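One structure is given here, and the rest of the page talks about it.
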Amino acid sequence: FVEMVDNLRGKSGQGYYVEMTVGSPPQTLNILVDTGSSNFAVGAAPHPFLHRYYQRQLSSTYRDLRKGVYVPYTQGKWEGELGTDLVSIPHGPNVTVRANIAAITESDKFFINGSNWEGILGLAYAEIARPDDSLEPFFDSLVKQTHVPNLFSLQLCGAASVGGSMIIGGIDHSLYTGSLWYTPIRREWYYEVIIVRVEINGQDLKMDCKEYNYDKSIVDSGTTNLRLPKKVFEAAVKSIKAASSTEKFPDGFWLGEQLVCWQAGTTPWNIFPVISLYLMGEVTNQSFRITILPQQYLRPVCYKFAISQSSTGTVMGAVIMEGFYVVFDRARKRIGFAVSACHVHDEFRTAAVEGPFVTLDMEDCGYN
Ligand SMILES: CC1(C#Cc2cnc3c(c2)[C@]2(COC(N)=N2)c2cc(-c4cccnc4F)ccc2O3)COC1
């Protein structure tokens, strides 16, 4: 899949985008890759932040669905006009498909000033599509209309320009070391998974594991941080504070309300603990663990604390994903994790994927 390697770009904190074309003749756009939503939506008007936008008037293959879509999400909102058109991914499979496209005609806090992307590719499932689950997501259309296998994988590499790979329809084994370990997709809406145990520097938090997944845990390329439920975030910080008590930091730092800065070339990585999430495995009573470093959760801006509290559950965002090659195995309803060939690490500690472990009562970890 060499043609798809290095097909993602981005700027720090502004997401990862892939080149796409829409319409006939083809209009090229950069599109944010988002495993945490399920609509394909593109700028269709001359917003001042946009390098370019979809011009339906130039497309002979454009079809109007004569229906609007309104999408407020936690951090912004957009609204648009639904249609279909022919869509391709130049550095993807050599196919062209007719997909649903929301032509964005009004927005607030959606486009980023100074970014190089003009739309969003929602890769999650129809259950959370807008206006409802009858609006077929892009990936579903791709698989239905072609012989592209029902899976994709993401290598998000981080740094400021970031880079990565989206392998559509398969897996590139050069992008990871060791073995893939798979956790089941609990339910096909978000890419929902179940965390069964959490260790900070090898130390279990000992919470009712239900707490780790209240009300859900998801794998989300469209979120920068590792987000955690309050109750779990509270315990998580308490232990990270203690682990890092060598040096002192304000209360705002832990809330992501102020930055902490060290002199260039002298950050104390080693005073900060590793974070290990044990995920439900493929077999009864069997789990595995993924382990990330402070280089993943302490983000350059001076650094931000990139773990934060949540009201909608755990979100394994770019802080988690940049450690790993992540396989969205839709065909087998599972997500694979392996150590990424590009993850950033020091000489003493590196990101890990390890198994098998014995974990009982893992089904009691899911919130209903
Ligand atoms: C499930 C439903 C949705 C949605 C949704 C719509 N638009 C979005 C997003 C979600 C974001 C928010 O979180 C995620 N995962 N996608 C998102 C992140 C970004 C963004 C910003 C900075 C860095 N990375 C990003 F992905 C930009 C733009 C952006 O636009 C359907 O009704 C709720």
Side-chain angles (χ1 to χ4, degrees), residues 8 15-18 20 31-42 69-78 80 82 87 89 92 97 99-102 104 110 117 119-145 148-156 164 166-169 182-195 213 215-227 279-280 310-321 324-337 366-367:
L8 303 184
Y16 288 84
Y17 60 83
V18 72
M20 303 184 74
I31 302 297
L32 179 68
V33 173
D34 185 18
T35 63
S37 67
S38 308
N39 285 89
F40 183 36
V42 300
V69 60
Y70 187 80
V71 191
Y73 60 107
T74 66
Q75 302 264 37
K77 73 185 131 91
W78 53 268
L82 297 168
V87 173
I89 302 168
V97 297
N100 294 313
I101 306 179
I104 300 174
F110 175 68
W117 59 258
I120 186 164
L121 179 62
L123 287 172
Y125 297 98
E127 199 186 312
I128 54 171
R130 300 304 176 205
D132 54 62
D133 65 6
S134 70
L135 195 77
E136 186 177 77
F138 170 81
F139 206 84
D140 288 75
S141 302
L142 179 65
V143 171
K144 208 178 201 316
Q145 294 174 38
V148 174
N150 189 19
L151 80 173
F152 68 91
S153 48
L154 290 170
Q155 192 200 48
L156 307 182
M166 180 171 56
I167 317 301
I168 296 135
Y182 295 97
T183 194
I185 294 170
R186 192 194 178 191
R187 186 154 77 87
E188 294 161 304
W189 60 317
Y190 298 89
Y191 286 102
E192 185 185 1
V193 302
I194 291 172
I195 298 160
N213 307 292
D215 58 295
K216 62 184 185 296
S217 305
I218 71 178
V219 185
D220 182 9
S221 65
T223 291
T224 298
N225 287 356
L226 173 59
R227 300 184 66 200
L279 305 178
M280 177 177 280
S310 163
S311 12
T312 56
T314 297
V315 185
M316 303 173 62
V319 164
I320 294 288
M321 297 184 67
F324 312 103
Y325 186 54
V326 184
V327 178
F328 293 81
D329 188 354
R330 293 157 64 102
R332 309 211 196 281
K333 284 193 70 178
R334 66 186 182 176
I335 295 171
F337 289 84
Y367 175 75

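These numbers come from the heavy atoms of this one structure, side chains and all, not from hydrogens, waters or symmetry mates. Note that the numbering runs from 1 along the sequence shown for the chain.
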(Q) For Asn213 versus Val193, what's the shortest heavy-atom pair and its separation? (A) OD1-O, 3.9 Å
Q) Is the number of heavy atoms from other residues, nucleotides or ligands within 6.0 Å of CZ (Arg332) greater than 12? A) no
Q: State plainly whether the residues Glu127 and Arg187 are in salt-bridge range, i.e. N to O under 4.0 Å.
A: yes
**Q.** Over all atoms of both residues, closest heavy-atom pair of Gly169 and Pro149
**A.** O-CG, 3.2 Å
Q | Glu188 vs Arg330, salt bridge (charged side-chain N to carboxylate O under 4.0 Å, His left out): CA-CA, chis, key distance, verdict | A | CA-CA 9 Å; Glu188 294 161 304; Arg330 293 157 64 102; over 6 Å; no
(Q) Please report the interatomic distance CG(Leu135) to CD1(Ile128), rounded to the nearest 0.5 Å. (A) 12.5 Å
Q. Can you tell if the side chain of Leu121 reaches within under 4.5 Å of the side chain of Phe139, non-hydrogen atoms only?
A. no
Q: Could you tell me the separation between the CD1 atom of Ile101 and the CE atom of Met20, rounded to the nearest 0.5 Å?
A: 8.0 Å
**Q.** CG on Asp220 to CD1 on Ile320, rounded to 0.5 Å
**A.** 12.0 Å
Q: Kindly indicate, with the supporting measurements, whether the criterion side chain to side chain contact (heavy atoms under 4.5 Å, CB included) is fulfilled by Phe152 and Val326.
A: CA-CA 9 Å; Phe152 68 91; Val326 184; over 6 Å; no
Q. Under a 4.5 Å cut-off applied to non-hydrogen side-chain atoms, are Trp117 and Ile31 in contact?
A. no
Q. Could you go step by step and tell me if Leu8 and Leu156 meet the side chain to side chain contact (heavy atoms under 4.5 Å, CB included) rule?
A. CA-CA 8 Å; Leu8 303 184; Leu156 307 182; 3.6 Å; yes
Q) Any side-chain heavy-atom pair from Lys333 and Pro184 closer than 4.5 angstrom? A) no
**Q.** Stepwise side chain to side chain contact (heavy atoms under 4.5 Å, CB included) test for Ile168 and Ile89
**A.** CA-CA 9 Å; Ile168 296 135; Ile89 302 168; 3.8 Å; yes
(Q) So which atom in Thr312 and which in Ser310 form the shortest heavy-atom distance, rounded to 0.1 Å? (A) N-OG, 2.9 Å
Q. Taking only residues two or more places apart in sequence or in another chain, which ones pass ring pair (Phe, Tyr, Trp, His ring centres under 6.0 Å) with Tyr325?
A. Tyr176
Q) Is the shortest heavy-atom distance from the side chain of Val315 to the side chain of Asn225 under 4.5 Å? A) no
Q. Checking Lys216 against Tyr190: charged group under 6.0 Å from the ring centre and within 45 degrees of the axis?
A. yes
Q) Going from CG on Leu123 to CG on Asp140, what distance comes out if it is rounded to the nearest 0.5 angstrom? A) 10.0 Å
Q: Take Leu154 and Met321 through the side chain to side chain contact (heavy atoms under 4.5 Å, CB included) test and state the conclusion after the steps.
A: CA-CA 8 Å; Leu154 290 170; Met321 297 184 67; 3.9 Å; yes
Q: Please tell me if the side chains of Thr314 and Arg227 come closer than 4.5 Å, counting only heavy atoms from C-beta onward.
A: no
Q. Taking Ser221 for the side chain and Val33 for the main chain, is one N or O donor matched with an acceptor at less than 3.5 Å?
A. yes
Q) If you look at every heavy atom in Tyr17 and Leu32, which pair is closest and at what distance? A) CB-N, 4.0 Å
Q. Which pair of heavy atoms, one from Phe337 and one from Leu279, lies closest together, and at what distance?
A. CE1-CD1, 3.7 Å
Q: Measure from the side-chain N and O atoms of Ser37 to the backbone N and O of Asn39, and report whether any donor-acceptor pair falls under 3.5 Å.
A: no
Q.
If we ignore hydrogens and angles and just use 3.5 Å, is the side chain of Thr223 paired with the main-chain N or O of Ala318 as donor and acceptor?
A. no
Q) So, the side chain of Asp133 versus the backbone of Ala126: is there a donor-acceptor pair under 3.5 Å, distance only? A) no
Q. By ring pair (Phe, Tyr, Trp, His ring centres under 6.0 Å), which residues pair with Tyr191, not counting sequence neighbours?
A. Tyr125, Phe328
Q) Measuring from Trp189:CH2 to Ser38:OG, what's the distance to the nearest 0.5 Å? A) 11.0 Å
Q: Drop me the distance from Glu136's CD to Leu142's CG, to the nearest 0.5 angstrom.
A: 10.0 Å
Q | Partner set under salt bridge (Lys or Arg N to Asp or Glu O under 4.0 Å) for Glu192, not counting sequence neighbours | A | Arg186
Q.
Students often mix this up, so state it plainly: with edges at 30° and 60°, are the rings of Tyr73 and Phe110 parallel, tilted or perpendicular?
A. perpendicular
Q: Locate the shortest heavy-atom distance separating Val87 from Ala99; write the atom from each residue and the value.
A: CG2-CB, 4.1 Å
